[PDB]
>>> print(open('entry23.pdb').read())   # PDB, C-alpha atoms (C1' of nucleotides)
ATOM      1  CA  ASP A   1      -3.979 -41.353 339.389  1.00  0.00           C
ATOM      2  CA  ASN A   2      -3.697 -39.457 336.220  1.00  0.00           C
ATOM      3  CA  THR A   3      -0.849 -37.082 336.903  1.00  0.00           C
ATOM      4  CA  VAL A   4       2.674 -36.127 335.881  1.00  0.00           C
ATOM      5  CA  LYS A   5       5.129 -35.061 338.577  1.00  0.00           C
ATOM      6  CA  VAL A   6       8.427 -33.375 337.739  1.00  0.00           C
ATOM      7  CA  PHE A   7      11.238 -33.421 340.301  1.00  0.00           C
ATOM      8  CA  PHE A   8      14.718 -31.932 340.091  1.00  0.00           C
ATOM      9  CA  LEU A   9      17.878 -34.056 340.258  1.00  0.00           C
ATOM     10  CA  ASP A  10      20.177 -32.198 342.632  1.00  0.00           C
ATOM     11  CA  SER A  11      17.437 -32.091 345.264  1.00  0.00           C
ATOM     12  CA  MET A  12      14.291 -33.923 344.045  1.00  0.00           C
ATOM     13  CA  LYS A  13      12.195 -31.136 345.531  1.00  0.00           C
ATOM     14  CA  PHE A  14       8.836 -31.652 343.719  1.00  0.00           C
ATOM     15  CA  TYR A  15       9.032 -28.995 341.028  1.00  0.00           C
ATOM     16  CA  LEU A  16       5.722 -29.427 339.209  1.00  0.00           C
ATOM     17  CA  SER A  17       2.614 -31.524 339.797  1.00  0.00           C
ATOM     18  CA  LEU A  18       0.345 -31.475 336.761  1.00  0.00           C
ATOM     19  CA  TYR A  19      -2.741 -33.251 335.489  1.00  0.00           C
ATOM     20  CA  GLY A  20      -5.455 -33.190 332.860  1.00  0.00           C
ATOM     21  CA  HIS A  21      -5.453 -36.408 330.843  1.00  0.00           C
ATOM     22  CA  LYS A  22      -8.555 -38.258 332.216  1.00  0.00           C
ATOM     23  CA  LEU A  23      -6.751 -41.617 331.973  1.00  0.00           C
ATOM     24  CA  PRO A  24      -3.360 -42.933 333.161  1.00  0.00           C
ATOM     25  CA  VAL A  25      -0.688 -41.225 331.121  1.00  0.00           C
ATOM     26  CA  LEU A  26       1.732 -43.928 330.045  1.00  0.00           C
ATOM     27  CA  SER A  27       4.568 -42.230 328.171  1.00  0.00           C
ATOM     28  CA  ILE A  28       6.691 -39.151 328.896  1.00  0.00           C
ATOM     29  CA  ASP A  29       9.443 -37.490 326.931  1.00  0.00           C
ATOM     30  CA  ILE A  30      11.528 -34.381 327.564  1.00  0.00           C
ATOM     31  CA  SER A  31      12.905 -31.945 324.974  1.00  0.00           C
ATOM     32  CA  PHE A  32      16.487 -32.254 323.780  1.00  0.00           C
ATOM     33  CA  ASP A  33      17.495 -28.814 325.074  1.00  0.00           C
ATOM     34  CA  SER A  34      15.337 -28.925 328.234  1.00  0.00           C
ATOM     35  CA  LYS A  35      12.491 -26.613 327.277  1.00  0.00           C
ATOM     36  CA  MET A  36       9.316 -28.656 326.667  1.00  0.00           C
ATOM     37  CA  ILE A  37       7.918 -32.010 327.781  1.00  0.00           C
ATOM     38  CA  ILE A  38       5.526 -34.345 325.984  1.00  0.00           C
ATOM     39  CA  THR A  39       2.993 -36.323 327.969  1.00  0.00           C
ATOM     40  CA  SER A  40       0.864 -39.003 326.380  1.00  0.00           C
ATOM     41  CA  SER A  41      -2.071 -41.002 327.718  1.00  0.00           C
ATOM     42  CA  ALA A  42      -4.463 -43.725 326.617  1.00  0.00           C
ATOM     43  CA  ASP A  43      -7.193 -41.297 325.541  1.00  0.00           C
ATOM     44  CA  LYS A  44      -5.571 -40.709 322.109  1.00  0.00           C
ATOM     45  CA  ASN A  45      -4.501 -37.175 323.096  1.00  0.00           C
ATOM     46  CA  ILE A  46      -0.897 -36.192 323.592  1.00  0.00           C
ATOM     47  CA  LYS A  47      -0.047 -32.890 325.251  1.00  0.00           C
ATOM     48  CA  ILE A  48       2.949 -30.741 324.480  1.00  0.00           C
ATOM     49  CA  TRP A  49       3.663 -28.970 327.755  1.00  0.00           C
ATOM     50  CA  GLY A  50       5.563 -25.803 328.509  1.00  0.00           C
ATOM     51  CA  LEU A  51       8.187 -26.072 331.166  1.00  0.00           C
ATOM     52  CA  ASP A  52       8.763 -22.896 333.209  1.00  0.00           C
ATOM     53  CA  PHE A  53       5.365 -23.097 334.905  1.00  0.00           C
ATOM     54  CA  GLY A  54       3.619 -26.008 333.211  1.00  0.00           C
ATOM     55  CA  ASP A  55       1.329 -24.349 330.704  1.00  0.00           C
ATOM     56  CA  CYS A  56      -0.162 -26.720 328.168  1.00  0.00           C
ATOM     57  CA  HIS A  57       0.230 -25.645 324.563  1.00  0.00           C
ATOM     58  CA  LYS A  58      -1.488 -28.193 322.296  1.00  0.00           C
ATOM     59  CA  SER A  59      -3.587 -31.012 323.726  1.00  0.00           C
ATOM     60  CA  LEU A  60      -3.683 -32.636 320.330  1.00  0.00           C
ATOM     61  CA  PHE A  61      -5.334 -35.839 319.272  1.00  0.00           C
ATOM     62  CA  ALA A  62      -4.461 -38.770 317.004  1.00  0.00           C
ATOM     63  CA  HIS A  63      -3.926 -42.565 317.008  1.00  0.00           C
ATOM     64  CA  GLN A  64      -7.586 -43.349 317.392  1.00  0.00           C
ATOM     65  CA  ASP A  65      -7.394 -46.146 319.969  1.00  0.00           C
ATOM     66  CA  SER A  66      -4.518 -45.370 322.403  1.00  0.00           C
ATOM     67  CA  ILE A  67      -1.055 -43.847 322.456  1.00  0.00           C
ATOM     68  CA  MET A  68       1.379 -46.534 323.555  1.00  0.00           C
ATOM     69  CA  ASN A  69       4.708 -44.686 323.380  1.00  0.00           C
ATOM     70  CA  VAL A  70       5.894 -41.234 322.352  1.00  0.00           C
ATOM     71  CA  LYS A  71       9.554 -40.434 321.753  1.00  0.00           C
ATOM     72  CA  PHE A  72      11.597 -37.405 320.804  1.00  0.00           C
ATOM     73  CA  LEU A  73      13.698 -36.793 317.715  1.00  0.00           C
ATOM     74  CA  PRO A  74      16.633 -35.463 319.751  1.00  0.00           C
ATOM     75  CA  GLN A  75      18.185 -33.099 317.171  1.00  0.00           C
ATOM     76  CA  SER A  76      15.442 -30.528 316.613  1.00  0.00           C
ATOM     77  CA  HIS A  77      12.294 -30.354 318.725  1.00  0.00           C
ATOM     78  CA  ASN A  78      10.171 -32.732 316.678  1.00  0.00           C
TER
ATOM     79  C1'   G B   1     -99.434 -46.668 393.662  1.00  0.00           C
ATOM     80  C1'   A B   2    -100.691 -45.704 387.819  1.00  0.00           C
ATOM     81  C1'   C B   3    -103.305 -42.605 384.022  1.00  0.00           C
ATOM     82  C1'   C B   4    -106.198 -38.057 382.888  1.00  0.00           C
ATOM     83  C1'   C B   5    -107.542 -32.559 383.897  1.00  0.00           C
ATOM     84  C1'   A B   6    -106.900 -27.735 386.402  1.00  0.00           C
ATOM     85  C1'   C B   7    -103.642 -24.865 389.667  1.00  0.00           C
ATOM     86  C1'   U B   8     -98.846 -23.905 391.949  1.00  0.00           C
ATOM     87  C1'   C B   9     -93.183 -23.968 393.189  1.00  0.00           C
ATOM     88  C1'   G B  10     -88.421 -25.187 391.526  1.00  0.00           C
ATOM     89  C1'   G B  11     -85.357 -27.484 387.622  1.00  0.00           C
ATOM     90  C1'   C B  12     -82.522 -29.524 382.782  1.00  0.00           C
ATOM     91  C1'   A B  13     -84.285 -27.465 378.425  1.00  0.00           C
ATOM     92  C1'   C B  14     -87.369 -25.995 373.998  1.00  0.00           C
ATOM     93  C1'   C B  15     -90.563 -22.898 370.428  1.00  0.00           C
ATOM     94  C1'   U B  16     -92.166 -17.885 368.628  1.00  0.00           C
ATOM     95  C1'   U B  17     -91.833 -12.428 368.681  1.00  0.00           C
ATOM     96  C1'   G B  18     -54.909   1.277 357.828  1.00  0.00           C
ATOM     97  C1'   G B  19     -55.795  -1.963 353.735  1.00  0.00           C
ATOM     98  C1'   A B  20     -56.446  -2.762 348.235  1.00  0.00           C
ATOM     99  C1'   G B  21     -54.108  -2.103 343.783  1.00  0.00           C
ATOM    100  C1'   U B  22     -50.591   0.333 340.454  1.00  0.00           C
ATOM    101  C1'   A B  23     -45.789   2.640 339.269  1.00  0.00           C
ATOM    102  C1'   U B  24     -40.564   2.368 340.622  1.00  0.00           C
ATOM    103  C1'   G B  25     -33.331   4.764 337.069  1.00  0.00           C
ATOM    104  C1'   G B  26     -33.550   4.738 344.846  1.00  0.00           C
ATOM    105  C1'   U B  27     -31.100   0.903 349.011  1.00  0.00           C
ATOM    106  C1'   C B  28     -30.245  -4.416 349.557  1.00  0.00           C
ATOM    107  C1'   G B  29     -30.077  -9.556 347.922  1.00  0.00           C
ATOM    108  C1'   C B  30     -30.995 -12.534 343.423  1.00  0.00           C
ATOM    109  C1'   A B  31     -33.048 -16.525 338.451  1.00  0.00           C
ATOM    110  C1'   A B  32     -29.292 -13.448 335.621  1.00  0.00           C
ATOM    111  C1'   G B  33     -24.282 -14.906 332.250  1.00  0.00           C
ATOM    112  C1'   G B  34     -24.073 -21.817 328.420  1.00  0.00           C
ATOM    113  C1'   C B  35     -24.172 -28.341 325.131  1.00  0.00           C
ATOM    114  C1'   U B  36     -21.579 -30.539 329.796  1.00  0.00           C
ATOM    115  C1'   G B  37     -17.193 -33.107 330.487  1.00  0.00           C
ATOM    116  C1'   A B  38     -13.316 -28.852 328.997  1.00  0.00           C
ATOM    117  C1'   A B  39      -8.727 -25.238 331.028  1.00  0.00           C
ATOM    118  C1'   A B  40      -3.698 -22.280 330.615  1.00  0.00           C
ATOM    119  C1'   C B  41      -5.392 -27.695 326.589  1.00  0.00           C
ATOM    120  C1'   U B  42     -10.333 -26.588 320.417  1.00  0.00           C
ATOM    121  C1'   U B  43      -8.986 -32.560 324.070  1.00  0.00           C
ATOM    122  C1'   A B  44     -10.933 -38.342 325.250  1.00  0.00           C
ATOM    123  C1'   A B  45     -14.705 -41.683 327.408  1.00  0.00           C
ATOM    124  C1'   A B  46     -19.527 -41.171 328.969  1.00  0.00           C
ATOM    125  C1'   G B  47     -23.872 -38.530 328.611  1.00  0.00           C
ATOM    126  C1'   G B  48     -28.552 -34.503 327.400  1.00  0.00           C
ATOM    127  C1'   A B  49     -29.855 -32.278 322.147  1.00  0.00           C
ATOM    128  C1'   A B  50     -32.084 -32.913 317.560  1.00  0.00           C
ATOM    129  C1'   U B  51     -32.145 -36.921 315.249  1.00  0.00           C
ATOM    130  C1'   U B  52     -36.938 -40.875 309.008  1.00  0.00           C
ATOM    131  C1'   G B  53     -28.102 -41.684 308.581  1.00  0.00           C
TER
END
>>> encode(input="entry23.pdb", output="structure tokens")
Amino acid sequence: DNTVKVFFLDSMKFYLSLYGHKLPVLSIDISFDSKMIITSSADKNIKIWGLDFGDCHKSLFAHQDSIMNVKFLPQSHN
RNA sequence: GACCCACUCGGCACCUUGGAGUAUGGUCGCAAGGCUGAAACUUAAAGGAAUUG
């Protein structure tokens, strides 16, 4: 049920429920310095997501059948 | 008893002599406002559009 839920770790107190992919999102990554997450679904459109409130930045589109896994170069934010 | 003709009485009947418009800078509601999906996202599938590609 095409959503991404972010919980904390000291409490797990349901920090951010978010949506908008129109298919089951199947890969998540989190920025190396805890500032930006990357959600990716099977509608060929990844979304770079802001963190403080959950504002989407670029709902960008590639890989013309389906994204299967996204991962983070953990040195810079690429 | 019936039929005809005249008369007569009573019947169901018959025939002939403020609104209309228009106008509204007011009061109140309202089609008002655009390819949907679709936004903080220029983003999918599926559609309507116009399509002699």
>>> closest_residue(input="entry23.pdb", among="B:8, B:36, B:43, B:16", to="chain A", atoms="all atoms listed in the file")
B:43
>>> residues_near_point(input="entry23.pdb", point="(-6.3, -24.9, 331.5)", cutoff="10 Å", atoms="all atoms listed in the file", output="PDB file with C-alpha atoms (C1' of nucleotides), in the frame of the given file")
ATOM      1  CA  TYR A  19      -2.741 -33.251 335.489  1.00  0.00           C
ATOM      2  CA  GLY A  20      -5.455 -33.190 332.860  1.00  0.00           C
ATOM      3  CA  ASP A  55       1.329 -24.349 330.704  1.00  0.00           C
ATOM      4  CA  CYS A  56      -0.162 -26.720 328.168  1.00  0.00           C
ATOM      5  CA  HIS A  57       0.230 -25.645 324.563  1.00  0.00           C
TER       6      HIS A  57
ATOM      7  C1'   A B  38     -13.316 -28.852 328.997  1.00  0.00           C
ATOM      8  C1'   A B  39      -8.727 -25.238 331.028  1.00  0.00           C
ATOM      9  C1'   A B  40      -3.698 -22.280 330.615  1.00  0.00           C
ATOM     10  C1'   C B  41      -5.392 -27.695 326.589  1.00  0.00           C
TER      11        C B  41
END
>>> resolve_selection(input="entry23.pdb", expression="the PyMOL selection byres ((chain A) within 9 of (chain B))", output="JSON, numbers by chain")
{"A": [20, 21, 22, 23, 42, 43, 44, 45, 46, 47, 54, 55, 56, 57, 58, 59, 60, 61]}
>>> residues_around(input="entry23.pdb", residues="residue A:35", least_positions_apart="6", cutoff="12 Å", atoms="all atoms listed in the file", output="ChimeraX atom specification")
/A:29,48-55,76-77
>>> atom_distance(input="entry23.pdb", atom1="atom CA of residue A:2", atom2="atom CA of residue A:18")
9.0 Å
>>> axis_aligned_box(input="entry23.pdb", around="stretch 62-74 of chain A", padding_each_side="6 Å", output="JSON")
{"center_x": 4.5, "center_y": -41.0, "center_z": 320.3, "size_x": 36.2, "size_y": 23.1, "size_z": 18.6}
>>> atom_distance(input="entry23.pdb", atom1="atom CA of residue A:17", atom2="atom CA of residue A:4")
6.0 Å
>>> atom_distance(input="entry23.pdb", atom1="atom CA of residue A:74", atom2="atom CA of residue A:32")
5.2 Å
>>> build_atoms(input="entry23.pdb", residues="stretch 42-66 of chain A", atoms="N, CA and C atoms", output="mmCIF file, in the coordinates of the input")
data_model
loop_
_atom_site.group_PDB
_atom_site.id
_atom_site.type_symbol
_atom_site.label_atom_id
_atom_site.label_comp_id
_atom_site.auth_asym_id
_atom_site.auth_seq_id
_atom_site.Cartn_x
_atom_site.Cartn_y
_atom_site.Cartn_z
ATOM 1 N N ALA A 42 -3.677 -42.757 327.365
ATOM 2 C CA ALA A 42 -4.463 -43.725 326.617
ATOM 3 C C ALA A 42 -5.852 -43.199 326.286
ATOM 4 N N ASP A 43 -5.978 -41.891 326.081
ATOM 5 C CA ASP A 43 -7.193 -41.297 325.541
ATOM 6 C C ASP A 43 -6.927 -40.623 324.204
ATOM 7 N N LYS A 44 -5.925 -41.120 323.472
ATOM 8 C CA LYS A 44 -5.571 -40.709 322.109
ATOM 9 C C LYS A 44 -5.178 -39.238 322.004
ATOM 10 N N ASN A 45 -4.766 -38.607 323.100
ATOM 11 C CA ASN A 45 -4.501 -37.175 323.096
ATOM 12 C C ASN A 45 -3.184 -36.892 323.800
ATOM 13 N N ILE A 46 -2.157 -36.621 323.018
ATOM 14 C CA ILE A 46 -0.897 -36.192 323.592
ATOM 15 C C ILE A 46 -0.987 -34.715 323.949
ATOM 16 N N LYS A 47 -0.096 -34.282 324.832
ATOM 17 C CA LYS A 47 -0.047 -32.890 325.251
ATOM 18 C C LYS A 47 1.399 -32.439 325.237
ATOM 19 N N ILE A 48 1.686 -31.452 324.407
ATOM 20 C CA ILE A 48 2.949 -30.741 324.480
ATOM 21 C C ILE A 48 2.830 -29.701 325.581
ATOM 22 N N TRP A 49 3.763 -29.729 326.524
ATOM 23 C CA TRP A 49 3.663 -28.970 327.755
ATOM 24 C C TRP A 49 4.850 -28.037 327.893
ATOM 25 N N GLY A 50 4.555 -26.760 328.120
ATOM 26 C CA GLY A 50 5.563 -25.803 328.509
ATOM 27 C C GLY A 50 6.158 -26.143 329.858
ATOM 28 N N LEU A 51 7.316 -25.559 330.123
ATOM 29 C CA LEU A 51 8.187 -26.072 331.166
ATOM 30 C C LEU A 51 8.359 -25.150 332.362
ATOM 31 N N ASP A 52 8.432 -23.834 332.138
ATOM 32 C CA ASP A 52 8.763 -22.896 333.209
ATOM 33 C C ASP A 52 7.705 -22.883 334.302
ATOM 34 N N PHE A 53 6.433 -22.952 333.927
ATOM 35 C CA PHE A 53 5.365 -23.097 334.905
ATOM 36 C C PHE A 53 4.446 -24.277 334.651
ATOM 37 N N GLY A 54 4.418 -24.829 333.447
ATOM 38 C CA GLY A 54 3.619 -26.008 333.211
ATOM 39 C C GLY A 54 2.392 -25.727 332.383
ATOM 40 N N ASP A 55 2.449 -24.680 331.570
ATOM 41 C CA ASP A 55 1.329 -24.349 330.704
ATOM 42 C C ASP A 55 1.242 -25.338 329.553
ATOM 43 N N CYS A 56 0.058 -25.901 329.348
ATOM 44 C CA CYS A 56 -0.162 -26.720 328.168
ATOM 45 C C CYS A 56 -0.205 -25.839 326.933
ATOM 46 N N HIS A 57 0.243 -26.387 325.811
ATOM 47 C CA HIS A 57 0.230 -25.645 324.563
ATOM 48 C C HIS A 57 -0.749 -26.238 323.561
ATOM 49 N N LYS A 58 -0.585 -27.508 323.212
ATOM 50 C CA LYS A 58 -1.488 -28.193 322.296
ATOM 51 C C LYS A 58 -1.837 -29.540 322.903
ATOM 52 N N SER A 59 -3.098 -29.712 323.282
ATOM 53 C CA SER A 59 -3.587 -31.012 323.726
ATOM 54 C C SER A 59 -4.191 -31.728 322.523
ATOM 55 N N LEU A 60 -3.301 -32.184 321.656
ATOM 56 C CA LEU A 60 -3.683 -32.636 320.330
ATOM 57 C C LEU A 60 -3.938 -34.137 320.328
ATOM 58 N N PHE A 61 -4.560 -34.604 319.250
ATOM 59 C CA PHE A 61 -5.334 -35.839 319.272
ATOM 60 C C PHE A 61 -5.073 -36.611 317.993
ATOM 61 N N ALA A 62 -4.636 -37.858 318.133
ATOM 62 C CA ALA A 62 -4.461 -38.770 317.004
ATOM 63 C C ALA A 62 -4.377 -40.185 317.555
ATOM 64 N N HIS A 63 -4.130 -41.153 316.664
ATOM 65 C CA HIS A 63 -3.926 -42.565 317.008
ATOM 66 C C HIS A 63 -5.150 -43.134 317.731
ATOM 67 N N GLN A 64 -6.201 -43.322 316.940
ATOM 68 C CA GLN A 64 -7.586 -43.349 317.392
ATOM 69 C C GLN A 64 -7.993 -44.482 318.330
ATOM 70 N N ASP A 65 -7.060 -45.284 318.844
ATOM 71 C CA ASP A 65 -7.394 -46.146 319.969
ATOM 72 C C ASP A 65 -6.641 -45.780 321.244
ATOM 73 N N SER A 66 -5.305 -45.728 321.227
ATOM 74 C CA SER A 66 -4.518 -45.370 322.403
ATOM 75 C C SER A 66 -3.082 -45.100 321.996
#
